[PDB]
Amino acid sequence: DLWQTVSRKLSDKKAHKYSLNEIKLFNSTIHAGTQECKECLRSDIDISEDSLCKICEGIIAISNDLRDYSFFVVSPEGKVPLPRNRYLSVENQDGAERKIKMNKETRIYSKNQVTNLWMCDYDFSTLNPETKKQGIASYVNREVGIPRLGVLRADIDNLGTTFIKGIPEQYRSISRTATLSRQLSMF
RNA sequence: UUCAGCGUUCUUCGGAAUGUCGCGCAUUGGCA
């Protein structure tokens, strides 16, 4: 019951999400802007010559790195912004060591191995350099079979039911609800 | 010895389509 009460309060934090001063601040624009990012469609932030704001440009740059480099570095200097005056930079082991000894306040996360984070980044194209350059095109390079790409979009059925009543009230406890989620995340 | 033709089959049996391509390219996407 108690966790549900927490979820009862969470829904109350999303109804009255913004205070009047923040709402007034969003309303009080001074200049409309002369250009916007082609992705974010925002004009207040400075837009580069490629019609990209700094955040979206960082995201697009960091996308190859997350797949290529295991270490994630929450550091004063990095590609994409993070909550407390820091940035997320994807680096190798040498770069992670350099940045953590450079500045004491560096947080390091390890991809599938310093706190360890689990994420699936399987990419057959990266197995070879020329295949890496090709990317998706490499897959349709087939001597036989129609050269077509197959997109699998999937969702675990009743994932929310599993997180709500997936454990019988007899075995409802913190450890199991953490283990069940951890096993689902690991798979 | 003369007088006459008469009856029965009217088409039959096979093969009835097959093999080959079954959209491609450009823009777009993707990689940089």
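Just the heavy atoms: all of them, side chains too, but no hydrogens, waters or symmetry mates, feed the values below. Letters A, B, ... mirror the listed sequences (proteins, then strands); counts begin at 1.
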inquiry  = Let's go through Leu88(A) and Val73(A) carefully: what are the C-alpha distance in whole Å and the side-chain angles of both, what is the deciding distance for side chain to side chain contact (heavy atoms under 4.5 Å, CB included) to 0.1 Å, and is it a yes or a no?
reply    = CA-CA 5 Å; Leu88(A) 162 65; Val73(A) 184; over 6 Å; no
key: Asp46(A) vs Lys54(A), salt bridge (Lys or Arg N to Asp or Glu O under 4.0 Å): CA-CA, chis, key distance, verdict   = CA-CA 8 Å; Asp46(A) 290 3; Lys54(A) 199 163 61 180; over 6 Å; no
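Under the 5.5 Å and 30° stacking definition, the step from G24(B) to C25(B) qualifies as stacked. For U27(B) and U28(B), a centre-to-centre distance below 5.5 angstrom together with a plane angle below 30 degrees is not found for the six-membered base rings. Neighbouring nucleotides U20(B) and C21(B) stack on each other, with six-membered ring centres less than 5.5 Å apart and ring planes inclined by less than 30°.
Taking the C1' atom of each, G29(B) and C25(B) are spaced 15 Å apart, rounded to whole Å.
Regarding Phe124(A), its CZ atom lies at a distance of 17 Å from the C1' atom of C31(B), rounded to whole Å. Distance, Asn141(A) CG to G30(B) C1': 14 Å, rounded to whole Å. Taking atom NZ of residue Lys38(A) and atom P of nucleotide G29(B), one finds them 11 Å apart after rounding to whole Å. As rounded to whole Å, 10 Å separates atom P of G30(B) from atom CD1 of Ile60(A). Computed from coordinates, the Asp68(A) CG to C31(B) P distance equals 12 Å when rounded to whole Å. In this structure, CG of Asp50(A) is placed 16 Å from P of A32(B), rounded to the nearest angstrom. One can place NZ of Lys132(A) at 12 Å from P of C31(B), the figure rounded to the nearest angstrom. If you measure from atom CD of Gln134(A) to atom P of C31(B), you get 12 Å, rounded to the nearest angstrom.
One finds no salt bridge joining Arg172(A) and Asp1(A) here, because no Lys/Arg side-chain nitrogen approaches an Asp/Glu carboxylate oxygen to under 4.0 Å. Ion pairing between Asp65(A) and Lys79(A) fails under the 4.0 Å rule for side-chain N and carboxylate O.
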request  = Go ahead and write out RNA chain B as dot-bracket, 5' to 3': ( ) for pairs within the strand, [ ] for ones crossing earlier pairs, | when the partner sits on another strand, dots for unpaired; Watson-Crick or G-U wobble, both distances under 3.5 Å.
outcome  = ................................
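Both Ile47(A) and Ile55(A) sit in one connected hydrophobic cluster of ILVMFWY residues. Membership requires side-chain heavy atoms under 4.5 Å apart, directly or through other members.
For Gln35(A), the CD atom counts as densely surrounded, since its 6.0 Å shell holds more than 12 non-hydrogen atoms of other residues, nucleotides or ligands. Heavy-atom neighbours of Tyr139(A) OH from other residues, nucleotides or ligands within 6.0 Å: above the threshold of 12.
In terms of the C1'-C2'-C3'-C4' torsion, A16(B) has a south-puckered sugar. The angle is below zero.
Classified by interplanar angle (parallel below 30°, tilted 30° to 60°, perpendicular above 60°), the ring pair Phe26(A)/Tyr18(A) is perpendicular.
When only modelled atom types and interatomic distance are considered, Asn112(A) and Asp121(A) share a side-chain donor-acceptor pair under 3.5 Å.
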Any N/O pairs under 3.5 Å between the protein and nucleotides 24-27 of chain B? List them or say none.
| residue | atom | partner | partner atom | Å |
| --- | --- | --- | --- | --- |
| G24(B) | OP1 | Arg148(A) | NH2 | 2.8 |
| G24(B) | OP2 | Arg148(A) | NH2 | 3.2 |

